[PDB]
Amino acid sequence: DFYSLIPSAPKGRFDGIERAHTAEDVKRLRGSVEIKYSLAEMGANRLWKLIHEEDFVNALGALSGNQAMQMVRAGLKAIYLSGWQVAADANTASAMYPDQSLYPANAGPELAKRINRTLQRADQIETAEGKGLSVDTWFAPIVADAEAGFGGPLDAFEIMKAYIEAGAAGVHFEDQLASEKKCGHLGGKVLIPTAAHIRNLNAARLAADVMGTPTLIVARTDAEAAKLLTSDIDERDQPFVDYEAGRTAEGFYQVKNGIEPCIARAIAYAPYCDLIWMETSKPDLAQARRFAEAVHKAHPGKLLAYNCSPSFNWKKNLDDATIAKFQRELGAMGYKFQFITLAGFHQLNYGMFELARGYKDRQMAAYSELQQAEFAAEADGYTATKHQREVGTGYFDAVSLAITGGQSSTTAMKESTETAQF
Amino acid sequence: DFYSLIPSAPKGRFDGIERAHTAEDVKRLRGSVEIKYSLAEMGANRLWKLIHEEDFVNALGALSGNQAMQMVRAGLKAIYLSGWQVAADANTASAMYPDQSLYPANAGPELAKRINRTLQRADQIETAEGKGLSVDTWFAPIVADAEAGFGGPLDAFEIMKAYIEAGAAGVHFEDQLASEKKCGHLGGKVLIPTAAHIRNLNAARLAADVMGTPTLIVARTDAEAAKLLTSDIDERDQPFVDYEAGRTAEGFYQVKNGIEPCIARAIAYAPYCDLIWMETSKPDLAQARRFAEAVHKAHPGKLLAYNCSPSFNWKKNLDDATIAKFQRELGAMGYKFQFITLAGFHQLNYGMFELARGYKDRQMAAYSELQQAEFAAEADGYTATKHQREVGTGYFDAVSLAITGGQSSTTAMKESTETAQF
Amino acid sequence: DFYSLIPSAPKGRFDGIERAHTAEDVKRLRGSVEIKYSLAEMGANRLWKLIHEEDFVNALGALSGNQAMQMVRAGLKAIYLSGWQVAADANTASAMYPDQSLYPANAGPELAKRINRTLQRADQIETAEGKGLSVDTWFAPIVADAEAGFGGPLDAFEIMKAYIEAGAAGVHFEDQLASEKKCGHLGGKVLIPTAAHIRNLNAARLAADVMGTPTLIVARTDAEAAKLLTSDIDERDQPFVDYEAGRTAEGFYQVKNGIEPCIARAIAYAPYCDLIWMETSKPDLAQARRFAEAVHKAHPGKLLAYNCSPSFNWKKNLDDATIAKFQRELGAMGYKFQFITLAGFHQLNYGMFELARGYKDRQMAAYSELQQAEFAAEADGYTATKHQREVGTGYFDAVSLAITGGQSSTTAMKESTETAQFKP
Amino acid sequence: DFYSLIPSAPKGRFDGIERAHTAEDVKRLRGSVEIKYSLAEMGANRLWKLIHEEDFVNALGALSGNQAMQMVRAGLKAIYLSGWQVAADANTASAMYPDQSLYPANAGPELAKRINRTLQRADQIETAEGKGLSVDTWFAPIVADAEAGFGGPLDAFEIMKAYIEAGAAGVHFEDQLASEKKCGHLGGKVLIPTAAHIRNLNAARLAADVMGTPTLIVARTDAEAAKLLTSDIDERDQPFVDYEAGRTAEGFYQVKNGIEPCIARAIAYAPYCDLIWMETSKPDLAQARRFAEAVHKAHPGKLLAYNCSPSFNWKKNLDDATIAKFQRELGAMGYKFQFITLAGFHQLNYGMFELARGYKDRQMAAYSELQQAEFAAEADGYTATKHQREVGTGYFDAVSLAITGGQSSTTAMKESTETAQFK
Ligand SMILES: [Mg+2]
Ligand SMILES: [Mg+2]
Ligand SMILES: [Mg+2]
Ligand SMILES: [Mg+2]
């Protein structure tokens, strides 16, 4: 039925998934020609496989293709794409922003394309060398942040399509007001009605069906911390509304936050998504268990996702042994996609700060230490020390030789210093 | 004469500089209105001040805004923009390329714009906090790679203008064939005639004059390693042509490479640039001395630039003492701008490979080690641990409060996990 | 006080203008260095002078730089930048969209920059030829559509800065919900509270102040046709809410649309903008006079803007004589800025349909007809038949000669077919 | 062999085509995963069909998605993508440029993507309306300008690939030096060696092969007017080099231009391309015939392309009857793809100059005239008078209703002024 509209969709893919629209709606709305989105198909099927096969799938937020590549090289099986990081250092306004849906709605998909393209080059490099891949596949699935959909259902519809074209495997949408969107761990968050978010999720699903891809949808609730709500029109929200307190000057309703609205919303969103995610204030396994248990009484076996946030101070909140076991324990509760949202930002910024500081103090000695550390990391699989090969110089050499039937006088690698000193 | 066309130019800025065009040419070709390029002016003049006053100015190649920001935070006084790194991970084709001028000609200027924008936000943040700046200025000059001009004099003209609008302080142009451009440390480089490169330096100078900015121009020569030359039409190149080899299948001449043609070309380029740069195969102080000495006999006091390249295996070529004193010794020779081209690429890629590998093997324990390392760096100047502040959340909060006369219910910081846990 | 923060502002620029923020807020929020935005300065001041001195300043919607260039060549003194047209054929998602704020927020300012760049080349070409300009200035002020600000006040603030950087002279904001934004002339518009739109207007002003430019702000109301409102929280909107009908399933309030809420909203917005604009359902001079009279009772001498929409059927509504005097009459009521929003889209799409149709039918005969019509327009100031000159070939030839000391072997124009076959 | 690497390539697609590289080279260089390029397949297979079945395929240069949409609605069967037009008003440096490869190399492919996306929306609109399409197909093949390939063979390889991703059906490359590229109808053109252009052509083909698409390659020569050559290294160019004149100051060789070198270069390029094209100074049937006949002596049946350039003054060159038959005559010679390169630019700029001028003189009367003409064109098939439908407002309404099960309050069309005033 829907399975014939999404040919790559595996058996069971849409078990327990409801749609507001019909199969006929999809045919009517997808135009007259078949256009393939291969990287979206592959990515979404591979993610589906991974989350059902592994203990759990864990990821880090990448802010560049290069970061994604090294993640995959090191053996990670998925890539997370943070909207927070897109705002900070990788968006289409070429500015640094806080995490408030300030940048243009195309930014996220543009980064997802960047990441897939770098992985494609990684793949082309190793395929040309003819000794097989150094990894399972270069095309690890990307799970990406669509924030609040950048407005209404149609904005959700459009960003979902954009992500699919860019080759993302999964996409997450949160029940905040786009016009006042915040980082989950900032104050002042404003919820939209349960129904209004079900519409965005359904828009995402319609986009996927219309593109013909089995793209995963992750529903996120920001209700643990959020104390404001745009409208009480939905009876499911009304019980958490503090009527005595009245409306704010902006017209917002005031609500009781915490695990209870997260449970209610999560259960109401369950049929319209593939994974559910509750933002939390602290890395708390007991809270995580409590949420997992309540969701699973209503929807046994529902797959969950968890944000291992750098907005948390880890060693303050937890002891060393709990830190060690954290993701493993979450995995056994059903949290099959886990991610450190802002890893890329922290790694990039600390690393460069520490190098620039050392460079100021001792100039070239500071750089030699990095280089030597790079050299020592090769036993463990690091290859970027040979930077020419890494970025594809040898691949493009072989492209040249094939074009000229071998007779190019201007090949790069033979007389390089990389060949002579590495 | 030119000083009135470039009002921001300081006294003696153009001492010993020659132009092919006249001041009247500039008035004819600059349009009828005055358009200011504030960051290009400030950057050019600051870089001019720095390179004369300081023993040497050293830099690192930044591939993103955030990297640039941390460099300036750490105390570095200038920023290098690497074409190699643009090709690798930061271009407008959204692909990973080797260093062969494959990406679209606008990519460098776009990254320059990103860097200045990130710096601008950083300056906005601290200005709004109202306790003064933590640096001398956030607007550290950017010295940017225009590669081989992306074609002819008109292409050189255009990329220079683009860099000026993006707010670059200095721009380098090399004497390679754009259609076969390579990294300076790879094989198969093809030089263009001495005359042809002077045409591009002059295109670039006219660009700055027409824009009304005292932008610095750095002429680079790749003759140390290049064994090919497109044409022997310039008598200055003929003495290095191996007429016994014959031409190559592409019609290129074969030349004898080494320091002799770098000196010749450098001396010939000196009147049409502000600094001169010879690419080297090894980090060799005696070679740098010999080059500096030769250049200075013809042109006393000429300012030089040097690439401290990651394409060298530093510990294999030099002992610890020579590495430690390397830049200082170059400085005393007149190499007043020195830069590690690929630092951003090696920090980003090393750092993430290592993080991703620890994360694979030990999950949150690996990430907590980074975070703890971040906190520990706070004593030395590090700030990105408080990531919400770093990217401008506090700044935009203050914007919101000015907009709403102080009444907004949806500000980010007060009830953030940042404010509670950091 | 604010005049020292905005050095280019002429005397009286901010007369009658209220601000939520202080001059200290501006100094605190603008960074430690001075950055200049030359085209924005020039555009804003020239637009300010034109709207005070001319009977009325009229414009057409440009969807490309070339379109804008011909408008200025033809003698128009301002340019309109339509969001509808951005959605249709000129946005940063490379897609055709209906007019519902579906494209990325940077699209408008990117088209503004394109337009100013074309005008810049046009000016360089003529400056380089040395015979003076064929127009008053190539840098006609651009007035540009910021739609609903693409979200809240901070989104409004950002699009304003983007437009200032791109060289926009004026920017308009409308009291619709960004997330459900529509063309003024479509159904299903949802208004935001009067207060919330005043927030967006002030964000815009703070933006201009912080950038240090006297950019014009045009406040638009969509209350003539809008039957929905996000919230009744603002007492000023409660007199128009139909409480009998209830809220929609989405929780929107239903309101009584028309001239009255437009008048009220407009009067509330007045102190926070430089021009006020009420979208209308028909080209109706009587309604336009009523609106002008009411606003002027509250705020004498307030400048207004009128949309001469192609979404109207003009001959169906009006006779030839009313159509002929329409903009003149509006000018006297105080409508000092008047624009045909979708002019670019209709001329582009009509023109090519008809050319393609003739081409299918009779191949080169259809094109030759266009070419002769171009020759025929030259007497009236048209220059684009000589296309090589128009796009700057001659300008860059002169650049190359300055570089090469007059010696290059590869100049383009002397041996071109333009020089050989397009002599008088 | 190559047919298994390019699954959608029809029988005989590569008859008579030579390659410097091998099937195995392709396998080695294309990576380990099959990525599909649907619109480029459909486009290339469609262009191939049309050029073998129609008397000739004629096209106009579109500088925007909207322009291309009206072209296809009007009944034209292909779209030309001009680099000249990209330079003028549609490039990724957001500037007006002359036609000299000064814009960034991604600009043409970006425009190709825009065109395909508009056409896709047009198709979506009609498919949702349910009455069938009003055109044979909305996805008319795009033939796109790759100019001088923006550098060496690797640059050609990359631009070819970008065009395939954008959905182009065919791409053209010219034997000029990219660093001093010009419009064919300007002076100061510098050619590259015959061999050097053949490598660009093969680079393009290797890209198509590696992408697994049967994209058409069109080889252009600028030898008719070009009097300069980078190098005389290729013995095929040497008979046309004026050695007595010597090299120019830049080191260029000087050559006898004209139809003879075009014929020789065309004959050499022929195995490395699907169509050949000679730029001309005048629209001259005799010169066209001489070119076609000489190329066909060496390569019977070779398809040709002809630029019907606005850089010509048409009525100054030709009488009304020769203008009238021009394209049909060329068709009979084997010129199966013909195109008015700068059609989009002239239409856009003429039309708006005249609109603006009328508007200055008499304000709304001028615009009302446009609107009436639009209404009058509806009988002939014009629809953009209803601009809201045209850009897909109706389609997105239908999207909302599917999202909300028919229950949106905020749909656009029912109460629009389009519905009320254009009935
Ligand atoms: Mg996020
Ligand atoms: Mg470089
Ligand atoms: Mg609009
Ligand atoms: Mg062309």
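Numbering of ligands and ligand atoms starts at 1, following listing order. Convention: sequence-line order gives letters A, B, ...; per-chain numbering from 1.
Between the side chains of D:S416 and C:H185, not a single donor N or O lies within less than 3.5 Å of an accepting N or O. C:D145 and C:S82 are not linked by any side-chain donor-acceptor pair at a separation below 3.5 angstrom, with hydrogens and angles left out of the test. Residues B:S101 and B:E147 bring a donor and an acceptor atom of their side chains to less than 3.5 Å of each other.
The ring-ring contact (aromatic ring centres under 6.0 Å, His included) test with B:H172 is passed by exactly one of B:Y163, B:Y80, B:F337: B:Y80. Under the ring-ring contact (aromatic ring centres under 6.0 Å, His included) rule, A:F339 has a single partner from A:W277, A:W84, A:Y306, which is A:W277.
Around the Mg ion (ligand 1), protein N, O or S atoms at less than 2.8 Å comprise A:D145 OD2.
Between the side chain of C:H197 and the backbone N or O of C:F173 there is at least one donor-acceptor pair closer than 3.5 Å.
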